[PDB]
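Chemist: Quick one, what's the 3D model for this:
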Amino acid sequence: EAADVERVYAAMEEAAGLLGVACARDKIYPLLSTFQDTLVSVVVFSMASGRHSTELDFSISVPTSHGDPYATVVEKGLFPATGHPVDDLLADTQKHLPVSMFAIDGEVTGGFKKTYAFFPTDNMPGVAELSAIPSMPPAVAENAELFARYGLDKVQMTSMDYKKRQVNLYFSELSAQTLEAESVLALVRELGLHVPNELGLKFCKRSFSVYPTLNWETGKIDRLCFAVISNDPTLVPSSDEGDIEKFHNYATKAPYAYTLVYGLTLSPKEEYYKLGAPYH
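Modeler: Numbering: from 1, shown residues only. The coordinates are given below.
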């Protein structure tokens, strides 16, 4: 449908406005039309805090029957192949594992950036199965022991950041021990990331997923995020009035067709939050 393809972009500008961000139709629409048979499907609008408060992602589901979604945009000329192992990763997962669904993501000013590999709820993998993937970063195996020591095993999904050449491993079936203040503190400190405070640790206690960020150059996890799912629009883990305001504003005025997933990302240098508002 032609109404849909405009409808999502009409709703897409509405959300990006609420943050005071300008969209770039030049880099957004070609990917949107390319997947319009799906837009008839999960479409998500996600924001970031801090020095990233000027950045917005949109995630779009693509069933596995449609084929490799990243292969579409390269051959169709929507994103050039980097010549780096991240090109081939998406196929290798579907090659090596039962992938039940895909997703694609972009940024409103830069265009396409990442894709997703979703796994079945009744067959989530561990880090051993993931590490077998030839195009997977070496760091995924090189971190296998650390993951286990903290209870990071079943992986709900992965994402591949193609501009940064980075993989996210969305860990699930987390033990209640894993999320406790003590362990959260030790995990972050061993990995050399920003230490959260009382609120951050109270936020992580609610987490349903924790996802580290790995790249191909070293074994260092670049950052690690805690995700919390809820309907409550006031759960952002910040006490700085602007974010408590900015995020609740977005949460309550985000356009929707027919829900929140918060993000607590801890980096080496600073601490920023994310909030994905879905359309479908």
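Chemist: Show me where the stretch 51-200 of the chain has its helices.
Modeler: Per DSSP state H, counting those that start in this stretch, the stretch 51-200 of the chain carries helices over the ranges 69-75, 86-96, 127-131, 138-142, 144-149, 181-190, 198-204.
Chemist: Any idea how many residues pack against residue 110?
Modeler: 12 (other Cβ atoms under 10 Å). For the C-beta atoms, the positions are set from N, CA and C on the backbone; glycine is no exception.
Chemist: which residues does residue 247 contact?
Modeler: If a contact means Cβ atoms under 8 Å, 6 or more residues apart in numbering, then residue 247 has 47, 49, 233, 236, 238, 273, 275 as its contacts.
Chemist: In those, find the pair that's most separated.
Modeler: Within the contacts of residue 247, 49 and 233 form the most distant pair, 14.9 Å apart (Cβ to Cβ).
Chemist: For the helix ranked longest in the chain, name the packing helices and strands.
Modeler: Counting residues, the longest helix in the chain under DSSP state H turns out to be helix 2-18. Secondary-structure packing of helix 2-18 (3 or more Cβ pairs under 8 Å, 6 or more residues apart in numbering; DSSP states H and E): helix 25-34, strand 43-48, strand 56-63, helix 241-253.
Chemist: re earlier: in terms of neighbours, single out the busier of residue 49 and residue 233.
Modeler: More crowded of residue 49 and residue 233, by other Cβ under 10 Å: residue 49, with 23 against 18.
Chemist: So residue 64 sits against residue 97, correct?
Modeler: No - with contacts defined as Cβ atoms under 8 Å, residue 64 does not count as touching residue 97, sitting 11.2 Å away.
Chemist: So if I had to pick from the two, which one is more boxed in?
Modeler: Using other Cβ under 10 Å as the criterion, residue 64 and residue 97 rank with residue 97 on top: 19 against 15.
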